[PDB]
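Everything on this sheet refers to the single structure shown next.
Residue numbers (PDB author numbering), protein chains in the order written: chain A, 2 to 98; chain B, 2 to 146; chain C, 2 to 49; chain D, 2 to 49; chain E, 390 to 436; chain F, 341 to 436; chain G, 390 to 436; chain H, 293 to 389; chain I, 147 to 340.
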């Protein structure tokens, strides 16, 4: 059950990641996220562990895949895009950079 | 009752193995496990052998079936896959290449030191080849830079 | 789809340029305009 | 399922290549692109 | 840096829909396993 | 414009893959029963090849896993029925 | 502070339903244990 | 004492404007997130971008755990059949993670 | 079910066809030293096998003769676990003060090969026999009297850059277990890399 519950949780985490990706289909500058998982296996000195099964599925990390997104064209000079590698830098307060 | 209890235990072990297989349906590099069982039989010079039943079911080993799994495509050069026989070698610590473990998933990236590491920030192992060399010059394992 | 939308936009820009050329067939001193286009290819460290 | 997904990806890649070709129908100096595919078969010690 | 352009998201709707289907299938299978484990425990609890 | 090779990935093979001990996070280590780690390049001898841009999923079959779930549940129920019969027999003896 | 928004509850219906099932199972197991204790006491009280 | 620099001050037709304000003061951090690594070290990040390790959790392993005496509240204490408390880090030697 | 199956065959004939750059810089025959790349022009690496199936790396060095036009000096080296031990030709007409003996290649003005080793065949000294070579190859119990025959009858020198057009050898190391299947007779059959 705890292994099955871990499977449910992993599937729902992948669901949430996909839904977040789908929602942001129209936002400017968004980067998709990917959910990666790892197996669970652990034992102490007391347990034999020659014939013990797995411990389920554990969430490893939600990645932030940074492959270039497509461009729209507005014909407005105030709209800028970084073609290639780089980020714009924006400061909350004018004084402090 | 002990033999029936053994049967329950064997069935529950098979259940746990199958559930662990199901839970890891999405993880990268996972290998399914198959649980094998063996009979239990042991008689003394002092039991009639033919008048004595068996002794139940004992768990033999949880296998680790290592058949190739399917591939997905991310179009990301940092993702690697071993088509065929082989494991990647990953080191817990950058300096030591002895403390290494074998893995099959290839979700790699570069960390702030420009080392190819896994999700756990475990450094991948590779061979040193010179910019003009051909085959492996030093066949010892050290982190890829 | 953004590729197809880009193609639509390029064709429509050429349409507008041609229409401006045709409209001014009678004005004195006018010089025709030509629309030139370039391919798009984003070089990133990813995307092979 | 993964094989079907691979087929979908192949079809979509051909779509993207063709759409890029069509979009650049007016650009000067453009060269068309052709998408070629290869089969997948894993040779392992298991799996008969 | 190019003016007159904006970056959209870097997602593929096709892949997202397919992953939605796959994740639903995985969730359903795991819930089936959990139901099986509840049924086994209920079966023992009736002796 | 300097295209220089920075290394090559190491590929590790053990003679007995069933005998590898299971660590956490989809990792294994070599043991007494797994033999010594055989270090080699890719595409050499019996080693496989390395493809970038891809990942390996699980090697499980949902159909087969679901069927094995059904069969294991059935075996569990049969064994519990046997245990119930034994308990009933003992109770029957204990009421003379 | 963001205007125009509210915070909903921070509960997960899936996890809550699963915990409901698990807690019911624990309750049933403990009730089975109390039954055995009564049965044992009644068994003593019939000599 | 305070040293003030106004070498770039100007007086034009434009209204009052504070074009630049730069200082070297630094008050403190503010705890923002806490995470533990596999070594048990606790790392905390602060508003000033100051990621400082605050310690690492102690792990105790006794040779005979069966001999531990049971206190209340899911706690155990060392005895002599349990041996002496071996203090160590995590992921070192025979300890876990 | 052996992981490697085969009958290793020692390397005996090495046929090499190269094009040597005519526009490459001239080099000093007496100043040749395989530790210094700048003394020669080009270096190629090849793998050879002993009697027992051990793999060794063979590096070939080509040097452009400065004293004599359209003439080249070629040296061989065998790489073992202790270092790079030079391999000497018994009757090669290219000699160095360091005791490394190569062979000379001469070409015509139309770019074709003129002569090889003053018309004598290129046979090297025994690899692992210390009585014939000042740098014996450590063959780890294999046949120490193994010798190599080098064939370069199709080598050329044109304006084109250095090119290794053809490399042919008879060596055979071993197999590598690749697949296993059982027939209806119970016979277990295995296929290998070779």
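Backbone N, C-alpha and C fix where the C-beta goes; we use that ideal spot for every residue, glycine too.
Reference residue 414/F; option with closest CA among 145/B, 15/B and 120/B: In the sixth chain, residue 414/F corresponds to position 74, counting from 1. Residue 15/B is the option with its Cα nearest to residue 414/F.
Using 7 Å as the threshold, is the C-beta distance between residue 346/H and residue 336/H below it? Position 54 of the eighth chain, counted from the first residue, corresponds to residue 346/H. Position 44 of the eighth chain, counted from the first residue, corresponds to residue 336/H. In contact: residue 346/H and residue 336/H (Cβ atoms closer than 7 Å).
Taking the runs of the beta strand (DSSP E) that are 3 residues or longer, which of them lie wholly in the segment 221-266 of chain I? List check, beta strand (DSSP E) in window: 229-233, 247-253 and 259-262.
Under the three-state reduction of DSSP, which class applies to residue 426/F: helix, strand or coil? Taking the sixth chain and counting its residues from 1, one reaches residue 426/F at position 86. In the three-state reduction of the DSSP assignment, residue 426/F falls in the helix class, which pools H, G and I.
For residue 316/H, three-class secondary structure by DSSP: Taking the first residue of the eighth chain as position 1, residue 316/H is located at position 24. Of the three classes helix, strand and coil, the one that applies to residue 316/H here is coil, per DSSP.
Distance CB(residue 22/A)-CB(residue 33/A) smaller than 7 Å: Sequence index remark: in the first chain, residue 22/A carries index 21 (1-based). Sequence index remark: in the first chain, residue 33/A carries index 32 (1-based). A contact, by the Cβ cut-off of 7 Å.
What's the C-alpha gap between residue 363/F and residue 348/F? Taking the sixth chain and counting its residues from 1, the one referred to as residue 363/F is at position 23. Taking the sixth chain and counting its residues from 1, the one referred to as residue 348/F is at position 8. If I take the Cα positions, the gap works out to 25 Å.
Chain-ordered neighbours of residue 404/F on chain E, where CB pairs are closer than 7 Å: The residue given as residue 404/F occupies position 64 in the sixth chain. In chain order: nothing, as chain E lies at least about 12 Å away.
Distance check for residue 123/B and residue 416/F, CA to CA, integer angstroms please. As a first step, residue 416/F is located in the sixth chain; it is residue number 76 there, counting from the start. As a first step, residue 123/B is located in the second chain; it is residue number 122 there, counting from the start. Distance between the alpha carbons of residue 416/F and residue 123/B is about 42 Å.
When DSSP labels each residue in this structure, what does residue 87/A get in the three-state scheme? Sequence index remark: in the first chain, residue 87/A carries index 86 (1-based). Judged by DSSP in its simplified three-state form, residue 87/A adopts coil rather than helix or strand.
Once DSSP output is grouped into helix, strand and coil, what is the label at residue 284/I? For this step, residue 284/I is matched to residue 138 along the ninth chain. It is coil, neither helix nor strand.
Taking residue 70/A as the reference, give the member of 44/A, 46/A, 85/A and 10/A with the closest Cα. To locate residue 70/A, count along the first chain from 1; it is residue 69. When only C-alpha atoms are compared, the closest one is 85/A.
Only counting the same chain, and skipping five residues up and downstream in sequence, which positions put a Cβ closer than 8 Å to that of residue 387/H? Position 95 of the eighth chain, counting from 1, holds the residue named residue 387/H. The residues are 351, 353, 380 and 381.
Which same chain residues end up closer than 8 Å to residue 324/I when comparing Cβ atoms and leaving out the 5 residues on each side of it in sequence? Locating residue 324/I in the ninth chain gives position 178, where the first residue counts as 1. Answer for residue 324/I: 336, 337, 338 and 339, listed in chain order.
Of all the options 167/I, 254/I and 233/I, which has the alpha carbon lying nearest to the alpha carbon of residue 280/I? Counting from one through the ninth chain, the residue named residue 280/I turns up at place 134. In terms of CA proximity to residue 280/I, 233/I leads the group 167/I, 254/I and 233/I.
Provide the residue span of the beta strand (DSSP E) that contains residue 194/I, from first to last. The count along the ninth chain starts at 1 and reaches residue 194/I at position 48. Residue 194/I -> beta strand (DSSP E) spans 188-195.
CA-to-CA distance, residue 302/H to residue 73/A, given in whole angstroms: Locating residue 73/A in the first chain gives position 72, where the first residue counts as 1. Locating residue 302/H in the eighth chain gives position 10, where the first residue counts as 1. In a straight line, the C-alpha of residue 73/A is about 43 Å away from that of residue 302/H.
Is the distance from the Cβ of residue 308/I to the Cβ of residue 268/I below 7 Å? Looking up residue 308/I in the ninth chain gives position 162. Looking up residue 268/I in the ninth chain gives position 122. For the 7 Å CB-CB criterion, residue 308/I and residue 268/I do not form a contact.
Assign residue 59/B to one of three DSSP states: helix, strand, or coil. Residue mapping note: residue 59/B aligns to position 58 of the second chain, counting from 1. Residue 59/B: strand per DSSP, three-state reduction.
Specify, as a first and last residue, the run of the beta strand (DSSP E) that residue 395/F falls within. Along the sixth chain, one-based indexing puts residue 395/F at 55. First-last of the beta strand (DSSP E) with residue 395/F: 394-396.
Determine the DSSP secondary structure at residue 126/B, reduced to helix, strand or coil. Residue 126/B sits at position 125 when you count from the first residue of the second chain. In the structure shown, residue 126/B adopts extended strand secondary structure according to DSSP, grouped into three states.
Residue 318/H Cβ short of 6 Å to the ligand FMN heavy atom set: As far as ligands go, the structure on display features none, and thus does not contain the ligand FMN.
Could you check whether the segment 44-63 of chain B touches the segment 2-15 of chain D, counting it as contact only if at least three pairs of C-beta atoms, one from each stretch, sit closer than 8 Å? With the cut-off at 8 Å, the segment 44-63 of chain B and the segment 2-15 of chain D do not touch.
Neighbour list for residue 31/D in chain C, Cβ cutoff strictly below 8 Å: Counting from 1 along the fourth chain, the entry for residue 31/D is found at position 30. From the beta-carbon of residue 31/D, the residues of chain C found nearer than 8 Å are 40.
What would DSSP say about residue 347/H, mapped onto helix, strand or coil? What you label residue 347/H is simply residue 55 of the eighth chain in a count that begins at 1. Three-state DSSP puts residue 347/H in a strand.
Compare the Cα-Cα distances from residue 369/F to each of 93/B, 13/B, 145/B and 62/B and report the closest residue. Here the question's residue 369/F lines up with position 29 in the sixth chain. Out of 93/B, 13/B, 145/B and 62/B, the CA that lies nearest to the CA of residue 369/F is found in 93/B.
With 8 Å as the C-beta to C-beta threshold (strictly closer), list the residues of the segment 14-26 of chain D near chain C in chain order. If the cut-off is 8 Å between Cβ atoms, the segment 14-26 of chain D has 17, 20, 21, 23, 24, 25 and 26 near chain C.
Specify, as a first and last residue, the run of the alpha helix (DSSP H) that residue 8/B falls within. On the second chain, position 7 is the one that residue 8/B refers to. Residues 3-24.
Hey, would you say residue 356/H sits closer than 7 Å to residue 375/H, going by beta carbons? Mapped onto the eighth chain, residue 356/H falls at position 64. Mapped onto the eighth chain, residue 375/H falls at position 83. A contact, by the Cβ cut-off of 7 Å.
Going along the chain, which residues of its own chain have a beta-carbon closer than 7 Å to the beta-carbon of residue 3/B, five neighbours each way excluded? Working through the second chain from its first residue, we reach residue 3/B at position 2. Excluding sequence neighbours, residue 3/B sits near 57.
Looking at residue 173/I: is its Cβ nearer than 7 Å to the Cβ of residue 214/I? Taking the first residue of the ninth chain as 1, we reach residue 173/I at position 27. Taking the first residue of the ninth chain as 1, we reach residue 214/I at position 68. The Cβ atoms of residue 173/I and residue 214/I lie no closer than 7 Å to each other.
Report the neighbours of residue 46/D on chain I: residues whose CB is nearer than 9 Å to its CB, in chain order. To locate residue 46/D, count along the fourth chain from 1; it is residue 45. Think of a sphere of 9 Å around the beta carbon of residue 46/D: the chain I residues whose beta carbon falls inside it are 323, 324, 325 and 326, in chain order.
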